[PDB]
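Participant: Would you mind keeping the following structure in view while I ask a few things?
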Amino acid sequence: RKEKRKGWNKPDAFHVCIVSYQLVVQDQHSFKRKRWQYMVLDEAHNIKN
DNA sequence: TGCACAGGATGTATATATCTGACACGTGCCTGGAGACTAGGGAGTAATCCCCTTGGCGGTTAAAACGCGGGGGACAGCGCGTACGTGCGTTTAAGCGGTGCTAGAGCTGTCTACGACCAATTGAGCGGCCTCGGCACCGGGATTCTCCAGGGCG
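Following the authors' numbering, the numbering of the first sequence begins with 783 at its first residue and continues without gaps.
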């Protein structure tokens, strides 16, 4: 993940990113820094709580 | 003449009177033993609330666990030599017996500052709160920093 995040910030290396549900719990501090346009949730019956 | 002896002239442990030191016994003045009054500090209870558990499925991650290569560092063997161990004679100085002192250690009245004990005020310090600027974590990039392969050199 560090190797994925070293081409991350300054330029645009991707038009979309694929991140698992549970990884945003640990990496929430890193993912909250970058601005985003669309964040979509699959099978929302998880987050329902 | 060469020799044994009878008694004095010195030693020497032996037995007796004598000199410290420590245990043992008989007192009387600062201690304990005990009796009564006060009272606030300790034993006991009625909510309480508040964080701390109960029991176990799964999914996933970061940390724990195992496995091999080998590199270098622990470690055994062994020779050296000088640095203390051991043994003499020679000296300086403490141990100890005894002395003349004193100046500071040590027990006792005076009173007098001066701190113990107790009402009245409050304000400075403690419970409650709610923010934002310093802090937490990480990318970007430059910088250093060590690892490995010649090769010019033995």
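Beta carbons: idealized from backbone N, C-alpha and C, even for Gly.
Please report how far the alpha carbon of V822 lies from the alpha carbon of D809, in whole angstroms.
Facilitator: 17 Å
Participant: Under 6 Å Cβ to Cβ from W790, same chain only, skipping five residues before and after it: list those, please.
Facilitator: So the list is empty, once near-sequence residues are dropped.
Participant: Whole angstroms are fine: how far does the CA of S802 sit from the CA of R817?
Facilitator: 18 Å
Participant: Alpha carbon to alpha carbon, what distance is there between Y820 and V798?
Facilitator: 9 Å
Participant: To the nearest angstrom, how far is it from the Cα of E825 to the Cα of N831?
Facilitator: 13 Å
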